[PDB]
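Before any comments, here is the structure.
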Amino acid sequence: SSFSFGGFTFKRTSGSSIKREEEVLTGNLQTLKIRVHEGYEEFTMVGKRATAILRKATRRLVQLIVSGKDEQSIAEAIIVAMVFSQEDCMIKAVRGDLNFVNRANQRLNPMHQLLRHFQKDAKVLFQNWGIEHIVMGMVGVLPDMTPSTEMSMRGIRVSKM
Ligand SMILES: Fc1cnc(-c2c[nH]c3ncc(Cl)cc23)nc1N[C@H]1[C@H]2CC[C@H](CC2)[C@@H]1c1nnn[nH]1
C-alpha cells in the first residue's frame, strides 16, 4: 500500500495488517472510534522536507529513523509518525481545555483530528512519549528537539540527510 498522510507519502516495505474499528480514551477521557491496523509493518515516509523509515507493531512505534531539512521539518515528520503509530501515549497526550475532537466526523477523521491537534503544539506529545538511553551517524532527539548522544525520545533517531 502507497498512501498519503500529513503531507507524507507512505510506502510499505515489510509486513501486513488487518483493520479493526476500536474505541480509545484520550487524556481528557474522550472516546474516539479509530481504525486500528494490526500487525508488524515497515514503511518509508517521503515528504518534501523530510524522509523516514518507520517500524511499527499494533498501536506501538518500534523505531523511527528521521532525515530532514531542519529541526522543524524533522519534528513535523516525528509528529505524523507518532499519530500514525496509534500509540496509547499519543492518544493519552490529548488533554486540556478546548482539547477535544468533534464527534460527527465532518471536516476531518479521528486520525486527521489527532494530527491537526499535535501540529498546533507537540509539547504534551513529545513530553508524554517518554525518553530512553542511547551508534555513530544517528543521533537522539530530546522532547525539545535538542540533538543528544545520551538520550532520545523512545524509538526516535535523527540521521544526517
Ligand atoms: F490507505 C491506507 C492503507 N494502509 C494504511 C495503513 C497500513 N498500516 C497502518 N497503520 C496505521 C495507520 Cl493509521 C494506517 C495504516 N493506511 C491507509 N490510509 C489511512 C492512513 C491514516 C488515515 C487515513 C489516511 C492515511 C487512512 C485511513 N485510516 N483509517 N481509515 N482510513
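Residue numbering restarts at 1 for every chain of the C-alpha cells, chains are lettered A, B, ... in their displayed order, and ligands are numbered from 1 as they appear.
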
Cut-off 8 Å, only C-alpha atoms and all ligand atoms, neighbours of ligand 1 as a PyMOL selection string
chain A and resi 1-5+12+16-17+34-38+41+56+58-59+83-86+109+111-112

Write to file, as a tab-separated table (two decimals), in the first residue's frame, the residues of the selection just made, with C-alpha atoms.
chain	number	residue	atom	x	y	z
A	1	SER	CA	0.00	0.00	0.00
A	2	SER	CA	1.17	3.52	-1.14
A	3	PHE	CA	-0.98	6.26	0.63
A	4	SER	CA	-0.82	9.96	1.80
A	5	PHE	CA	-0.96	11.26	5.48
A	12	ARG	CA	5.03	-0.35	2.97
A	16	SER	CA	0.88	-6.96	6.70
A	17	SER	CA	-2.15	-5.59	8.59
A	34	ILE	CA	-10.37	4.69	15.35
A	35	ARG	CA	-9.48	2.20	12.54
A	36	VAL	CA	-6.65	0.18	14.12
A	37	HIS	CA	-4.22	-1.67	11.79
A	38	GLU	CA	-2.91	-4.87	13.35
A	41	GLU	CA	4.72	-3.15	9.35
A	56	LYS	CA	5.69	-0.30	13.87
A	58	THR	CA	-0.15	-2.77	16.51
A	59	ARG	CA	-0.54	0.65	18.28
A	83	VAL	CA	-0.05	10.00	15.32
A	84	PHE	CA	0.12	7.22	12.64
A	85	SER	CA	1.53	4.72	15.25
A	86	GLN	CA	-1.91	5.00	17.01
A	109	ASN	CA	-11.44	11.78	10.53
A	111	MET	CA	-6.62	10.37	12.80
A	112	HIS	CA	-6.75	13.71	10.94

As a PyMOL selection string, which residues of stretch 5-147 of chain A does DSSP assign to strand (DSSP E)?
chain A and resi 5+8-15+18-25+31-38+41-46+50-57+60-68+131-133+138-141+147

Chain A: which residues are alpha helix (DSSP H) by DSSP, as number ranges by chain?
A: 71-84, 88-92, 110-120, 123-129

Quick one: residues within 12 Å of residue A:94, only C-alpha atoms, excluding same-chain residues fewer than 3 positions away - as a VMD selection string?
chain A and resid 24 to 32 83 87 to 91 97 to 101 110 113 to 118 120 to 126 128 to 129

Only N, CA and C atoms, please: the residues just picked out, written as an mmCIF file, in the first residue's frame.
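Listed below is the output, again02.cif:
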data_model
loop_
_atom_site.group_PDB
_atom_site.id
_atom_site.type_symbol
_atom_site.label_atom_id
_atom_site.label_comp_id
_atom_site.auth_asym_id
_atom_site.auth_seq_id
_atom_site.Cartn_x
_atom_site.Cartn_y
_atom_site.Cartn_z
ATOM 1 N N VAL A 24 -10.944 4.283 21.766
ATOM 2 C CA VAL A 24 -9.797 4.780 22.527
ATOM 3 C C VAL A 24 -10.202 5.937 23.451
ATOM 4 N N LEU A 25 -9.569 6.031 24.626
ATOM 5 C CA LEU A 25 -9.825 7.103 25.585
ATOM 6 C C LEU A 25 -8.667 8.091 25.541
ATOM 7 N N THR A 26 -8.946 9.374 25.374
ATOM 8 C CA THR A 26 -7.906 10.409 25.340
ATOM 9 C C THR A 26 -7.488 10.739 26.794
ATOM 10 N N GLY A 27 -6.534 11.657 26.964
ATOM 11 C CA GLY A 27 -6.124 12.145 28.267
ATOM 12 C C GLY A 27 -7.262 12.897 28.936
ATOM 13 N N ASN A 28 -8.242 13.381 28.144
ATOM 14 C CA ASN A 28 -9.458 14.032 28.631
ATOM 15 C C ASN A 28 -10.599 13.019 28.774
ATOM 16 N N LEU A 29 -10.282 11.696 28.712
ATOM 17 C CA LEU A 29 -11.248 10.591 28.830
ATOM 18 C C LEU A 29 -12.387 10.725 27.795
ATOM 19 N N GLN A 30 -12.009 11.172 26.592
ATOM 20 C CA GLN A 30 -12.942 11.291 25.485
ATOM 21 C C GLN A 30 -12.828 10.019 24.661
ATOM 22 N N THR A 31 -13.972 9.460 24.265
ATOM 23 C CA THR A 31 -13.987 8.260 23.447
ATOM 24 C C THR A 31 -13.847 8.586 21.947
ATOM 25 N N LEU A 32 -12.837 7.994 21.306
ATOM 26 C CA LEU A 32 -12.673 8.105 19.867
ATOM 27 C C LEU A 32 -12.785 6.711 19.290
ATOM 28 N N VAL A 83 1.408 10.026 15.504
ATOM 29 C CA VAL A 83 -0.050 9.996 15.324
ATOM 30 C C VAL A 83 -0.420 8.718 14.545
ATOM 31 N N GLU A 87 -0.420 4.859 18.969
ATOM 32 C CA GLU A 87 0.008 4.555 20.344
ATOM 33 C C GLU A 87 -0.905 5.153 21.414
ATOM 34 N N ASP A 88 -1.067 4.435 22.517
ATOM 35 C CA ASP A 88 -1.856 4.911 23.640
ATOM 36 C C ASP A 88 -1.340 6.248 24.189
ATOM 37 N N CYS A 89 -0.002 6.391 24.390
ATOM 38 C CA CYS A 89 0.560 7.615 24.963
ATOM 39 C C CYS A 89 0.346 8.820 24.062
ATOM 40 N N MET A 90 0.179 8.597 22.740
ATOM 41 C CA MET A 90 -0.106 9.675 21.808
ATOM 42 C C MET A 90 -1.550 10.143 22.083
ATOM 43 N N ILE A 91 -2.475 9.173 22.218
ATOM 44 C CA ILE A 91 -3.897 9.381 22.467
ATOM 45 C C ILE A 91 -4.104 10.007 23.849
ATOM 46 N N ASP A 97 -7.884 22.109 28.043
ATOM 47 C CA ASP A 97 -9.030 22.979 27.805
ATOM 48 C C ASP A 97 -9.213 23.123 26.273
ATOM 49 N N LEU A 98 -10.481 22.999 25.787
ATOM 50 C CA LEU A 98 -10.877 23.049 24.368
ATOM 51 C C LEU A 98 -10.356 21.839 23.584
ATOM 52 N N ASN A 99 -9.305 21.147 24.105
ATOM 53 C CA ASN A 99 -8.641 19.977 23.513
ATOM 54 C C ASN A 99 -9.586 18.790 23.479
ATOM 55 N N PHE A 100 -10.447 18.808 22.463
ATOM 56 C CA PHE A 100 -11.486 17.829 22.191
ATOM 57 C C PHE A 100 -11.540 17.567 20.697
ATOM 58 N N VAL A 101 -12.232 16.484 20.325
ATOM 59 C CA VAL A 101 -12.375 16.014 18.950
ATOM 60 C C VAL A 101 -13.867 15.979 18.588
ATOM 61 N N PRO A 110 -10.884 10.863 12.844
ATOM 62 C CA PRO A 110 -10.182 10.999 14.138
ATOM 63 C C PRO A 110 -8.658 11.113 14.022
ATOM 64 N N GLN A 113 -7.892 14.571 12.955
ATOM 65 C CA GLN A 113 -8.137 15.483 14.071
ATOM 66 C C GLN A 113 -6.964 15.416 15.059
ATOM 67 N N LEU A 114 -6.464 14.181 15.359
ATOM 68 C CA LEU A 114 -5.310 13.961 16.241
ATOM 69 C C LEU A 114 -4.095 14.658 15.655
ATOM 70 N N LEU A 115 -3.903 14.534 14.344
ATOM 71 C CA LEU A 115 -2.811 15.175 13.656
ATOM 72 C C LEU A 115 -2.911 16.685 13.788
ATOM 73 N N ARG A 116 -4.042 17.285 13.340
ATOM 74 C CA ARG A 116 -4.295 18.737 13.427
ATOM 75 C C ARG A 116 -4.097 19.271 14.850
ATOM 76 N N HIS A 117 -4.392 18.444 15.865
ATOM 77 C CA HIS A 117 -4.181 18.769 17.274
ATOM 78 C C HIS A 117 -2.681 18.859 17.652
ATOM 79 N N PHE A 118 -1.883 17.828 17.360
ATOM 80 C CA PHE A 118 -0.453 17.801 17.700
ATOM 81 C C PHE A 118 0.412 18.746 16.831
ATOM 82 N N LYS A 120 -0.465 21.826 16.043
ATOM 83 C CA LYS A 120 -0.660 23.091 16.789
ATOM 84 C C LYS A 120 0.371 23.259 17.915
ATOM 85 N N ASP A 121 0.607 22.186 18.691
ATOM 86 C CA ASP A 121 1.559 22.129 19.799
ATOM 87 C C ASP A 121 1.856 20.661 20.151
ATOM 88 N N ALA A 122 3.109 20.249 19.917
ATOM 89 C CA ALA A 122 3.638 18.901 20.148
ATOM 90 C C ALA A 122 4.289 18.722 21.536
ATOM 91 N N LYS A 123 4.344 19.806 22.362
ATOM 92 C CA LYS A 123 4.935 19.794 23.699
ATOM 93 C C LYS A 123 4.405 18.647 24.556
ATOM 94 N N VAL A 124 3.076 18.559 24.735
ATOM 95 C CA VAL A 124 2.480 17.481 25.534
ATOM 96 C C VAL A 124 2.818 16.118 24.924
ATOM 97 N N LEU A 125 2.722 15.997 23.578
ATOM 98 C CA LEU A 125 3.009 14.747 22.881
ATOM 99 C C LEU A 125 4.436 14.250 23.125
ATOM 100 N N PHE A 126 5.435 15.077 22.772
ATOM 101 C CA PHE A 126 6.846 14.753 22.934
ATOM 102 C C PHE A 126 7.192 14.492 24.393
ATOM 103 N N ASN A 128 5.152 13.547 26.809
ATOM 104 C CA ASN A 128 4.405 12.382 27.309
ATOM 105 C C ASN A 128 4.773 11.066 26.580
ATOM 106 N N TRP A 129 5.642 11.134 25.573
ATOM 107 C CA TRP A 129 6.071 9.975 24.781
ATOM 108 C C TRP A 129 7.057 9.083 25.524
#

Counting only C-alpha atoms, which of A:49, A:39, A:107, A:150 gets nearest to residue A:19?
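For residue A:19, the nearest of the candidates is A:39.
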
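Nearest residue to residue A:77 among A:15, A:7, A:140, A:155 is A:7, counting only C-alpha atoms.
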
Just want the 8 Å neighbourhood of residue A:50, counted on only C-alpha atoms, with same-chain residues fewer than 4 positions away dropped. Output as a PyMOL selection string.
chain A and resi 46+66-69+73-74+77

For residue A:33, work out the shell of residues within 7 Å, counting only C-alpha atoms and skipping chain neighbours fewer than 4 positions away, then give it as JSON, numbers by chain.
{"A": [21, 22, 23, 24]}

Create the file for the chosen residues now, containing N, CA and C atoms and written as a compact mmCIF listing (two decimals), in the first residue's frame.
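Contents of result-v9.txt, freshly written:
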# COMPACT_ATOMS: atom_id res chain seq x y z
N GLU A 21 -12.02 -1.64 13.88
CA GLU A 21 -12.59 -0.42 14.43
C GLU A 21 -12.53 -0.60 15.95
N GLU A 22 -11.89 0.34 16.67
CA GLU A 22 -11.71 0.26 18.13
C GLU A 22 -12.02 1.58 18.84
N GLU A 23 -12.35 1.49 20.14
CA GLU A 23 -12.59 2.68 20.94
C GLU A 23 -11.38 3.02 21.82
N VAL A 24 -10.94 4.28 21.77
CA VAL A 24 -9.80 4.78 22.53
C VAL A 24 -10.20 5.94 23.45

Residues near residue A:52, cut-off 12 Å, only C-alpha atoms, skip fewer than 4 positions along chain, as an MDAnalysis selection string:
chainID A and resid 8:11 42:48 63:68 73:81 156:161

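With only C-alpha atoms as the atoms that count, the minimum distance from residue A:92 to the choices A:61, A:106, A:127, A:51 is reached by A:127.
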
When distances are computed from only C-alpha atoms, which of A:82, A:62, A:55, A:71 shows the smallest separation from residue A:142?
A:71

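Atom pair atom CA of residue A:149 / atom CA of residue A:136 has a distance of 9.1 Å (rounded to one decimal).
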